[PDB]
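In what follows, a structure is listed as structure tokens, so that the remarks can point back to it.
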Amino acid sequence: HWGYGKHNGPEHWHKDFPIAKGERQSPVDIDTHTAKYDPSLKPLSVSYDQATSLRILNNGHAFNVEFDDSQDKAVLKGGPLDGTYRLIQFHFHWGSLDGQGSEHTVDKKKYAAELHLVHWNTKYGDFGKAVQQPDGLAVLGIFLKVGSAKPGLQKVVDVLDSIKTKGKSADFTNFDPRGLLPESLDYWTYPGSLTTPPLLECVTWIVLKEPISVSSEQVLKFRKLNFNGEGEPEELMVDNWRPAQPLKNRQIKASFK
Ligand SMILES: NS(=O)(=O)/N=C1/NCCO1
Ligand SMILES: [Zn+2]
Numbered sequence: 004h005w006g007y008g009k010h011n012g013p014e015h016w017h018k019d020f021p022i023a024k025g026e027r028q029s030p031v032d033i034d035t036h037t038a039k040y041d042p043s044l045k046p047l048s049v050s051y052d053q054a055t056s057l058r059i060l061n062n063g064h065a066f067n068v069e070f071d072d073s074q075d076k077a078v079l080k081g082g083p084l085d086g087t088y089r090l091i092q093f094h095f096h097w098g099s100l101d102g103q104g105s106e107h108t109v110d111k112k113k114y115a116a117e118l119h120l121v122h123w124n125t127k128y129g130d131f132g133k134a135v136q137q138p139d140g141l142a143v144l145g146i147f148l149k150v151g152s153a154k155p156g157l158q159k160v161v162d163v164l165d166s167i168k169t170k171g172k173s174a175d176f177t178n179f180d181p182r183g184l185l186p187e188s189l190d191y192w193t194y195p196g197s198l199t200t201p202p203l204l205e206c207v208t209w210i211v212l213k214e215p216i217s218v219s220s221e222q223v224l225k226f227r228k229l230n231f232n233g234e235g236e237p238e239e240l241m242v243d244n245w246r247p248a249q250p251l252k253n254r255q256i257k258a259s260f261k
């Protein structure tokens with residue numbers, strides 16, 4: 004199926020998923036001089052104090068930390084958003100080397116990794133219905149640079165040995181995603197898509213300006229995961245990012261002056 008290799012990676016996805024060449028694909032390069040401060044942006048609200056994490060899964064493309072989204076427990080509101088968006092999962096994209104890994108870029112700069120906190124608009129009832137809507141999803145994107153360790157990441161790092169291969173999962177209750185956030189909530193926003201197949205154009209992207217720092221040891225452990233299943237030849241899970249796509253008829257707005 005689809006993946007990140009030379010024979011099934013981003014250059015091939017359009018054959019099964021023609022929206023790959025659509026009008027609102029993600030990620031994009033964020034040209035900081037072209038982005039415009041938007042005074043209509045209401046304050047952003049990240050309310051994760053009641054989050055209920057459940058499980059961590061290696062899905063063959065990345066690992067997902069999944070949340071109970073059966074009630075408004077961890078929600079995103081404000082900023083460009085109308086209404087309430089419920090956290091369903093987070094995951095990362097990362098590189099083989101520290102100089103690449105992020106999906107979005109900032110003035111063409113690539114970060115070592117990028118965290119995506121995925122939320123769905125509660127007006128549509130379920131995630132599956134939300135992904136049939138142009139305002140179905142909101143993804144909070146956070147860049148990772150290598151420097152000092154991120155303490156709130158370490159519990160994720162330490163469980164990765166138990167989900168090495170595709171299809172493995174582990175309990176991952178009582179994880180607090182507040183520990184993955186930078187100090188500032190300044191952000192850029194634009195309308196886009198999922199960055200993995202099926203590449204659906206349902207996402208309001210909110211990309212924080214401030215990266216979090218993680219240690220070289222932390223990202224090195226991401227790179228020991230495997231794309232393959234148990235019993236198959238080892239394919240390290242690295243370079244699971246889609247490059248920047250054409251901006252087309254979009255404007256990136258900044259929340260900050
Ligand atoms: N990288 S991404 O756009 O968050 N992609 C997905 N796919 C399912 C939900 O999030
Ligand atoms: Zn993602």
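Numbered by the entry's author numbering, the letters in the sequence shown go through residues 4 to 125, 127 to 261 in order.
Every residue, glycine too, gets a C-beta built ideally from N, C-alpha and C.
Ligand 2 heavy atom lying under 7 Å from the CB of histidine 119: For the purposes of this step, residue 119 is identified with residue 116 of the sequence shown, where counting begins at 1. Yes, the beta carbon of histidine 119 sits closer than 7 Å to at least one heavy atom of ligand 2.
Please classify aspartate 165: is it buried, with 16 or more other beta-carbons within 10 angstroms of its beta-carbon, or exposed? Against the sequence shown, residue 165 aligns to sequence position 161. So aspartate 165 counts as exposed.
Going by other Cβ atoms of all chains shown within 10 Å of its Cβ, with 16 needed for buried, is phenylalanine 260 buried or exposed? Against the sequence shown, residue 260 aligns to sequence position 256. It is exposed - the Cβ of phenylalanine 260 has fewer than 16 other Cβ atoms within 10 Å.
Status (buried if at least 16 other CB within 10 Å, exposed otherwise) for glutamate 69: Reading the sequence shown from its first residue, position 66 is the one you call residue 69. Its Cβ being crowded by 16 or more others within 10 Å, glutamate 69 is buried.
Under three-state DSSP, which class holds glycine 183? If you number the sequence shown from 1, residue 183 lands on position 179. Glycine 183: helix per DSSP, three-state reduction.
CB of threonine 199 to nearest heavy atom of ligand 2: below 7 Å? Here residue 199 refers to the residue found at position 195 of the sequence shown. It does: the Cβ of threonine 199 is within 7 Å (strictly closer) of some heavy atom of ligand 2.
Just checking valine 143 against ligand 1 - is the residue's beta carbon closer than 7 Å to any of the ligand's heavy atoms? Locating residue 143 in the sequence shown gives position 139, where the first residue counts as 1. Yes - ligand 1 has a heavy atom lying nearer than 7 Å to the Cβ of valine 143.
Distance between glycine 151 and residue 2 (C-alpha atoms, nearest Å): Outside the shown range of the chain, which is 4 to 261, sits residue 2, and nothing can be said about it.
Compute the beta-carbon to beta-carbon distance between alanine 258 and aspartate 110, rounded to the nearest angstrom, for a pair I have assumed lies under 8 Å. The residue you call residue 258 lines up with position 254 of the sequence shown. The residue you call residue 110 lines up with position 107 of the sequence shown. Not confirmed; about 13 Å, so no contact.
Once the 5 residues before and after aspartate 101 are set aside, which same chain residues still bring their CB inside 6 Å of it? The sequence position of residue 101 within the sequence shown is 98, counting from 1. Here the set comprises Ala115, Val150.
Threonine 37: buried (16+ other C-beta within 10 angstroms of its C-beta) or exposed? What you label residue 37 is simply residue 34 of the sequence shown in a count that begins at 1. The residue is exposed, with fewer than 16 neighbouring Cβ atoms inside 10 Å.
8 Å contact criterion, which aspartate 71 and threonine 55 should meet: CB distance rounded: One-based indexing of the sequence shown puts residue 71 at position 68. One-based indexing of the sequence shown puts residue 55 at position 52. Yes, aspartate 71 and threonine 55 are in contact; Cβ-Cβ is about 4 Å, under 8 Å.
With DSSP collapsed to three states, give me the class of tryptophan 16. Sequence index remark: in the sequence shown, residue 16 carries index 13 (1-based). Of the three classes helix, strand and coil, the one that applies to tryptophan 16 here is helix, per DSSP.
If the criterion is Cβ atoms closer than 8 Å, does the pair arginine 58 and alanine 77 meet it? Taking the first residue of the sequence shown as 1, we reach residue 58 at position 55. Taking the first residue of the sequence shown as 1, we reach residue 77 at position 74. It is not a contact, given that the beta carbons lie outside the stated cut-off.
For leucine 251, which option in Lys112, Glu26, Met241 has the closest C-alpha, if you only look at C-alpha atoms? Start at 1 with the first residue of the sequence shown, and residue 251 comes out as number 247. Of the candidates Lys112, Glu26, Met241, the one whose C-alpha sits nearest the C-alpha of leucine 251 is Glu26.
So what's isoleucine 59 in DSSP terms, helix, strand or just coil? Looking up residue 59 in the sequence shown gives position 56. Looking at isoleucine 59 - three-state DSSP - the assignment turns out to be strand.
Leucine 240 (DSSP reduced to helix, strand or coil): Along the sequence shown, read from residue 1 onward, the residue named residue 240 stands at position 236. Note: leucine 240 maps to strand in three-state DSSP.
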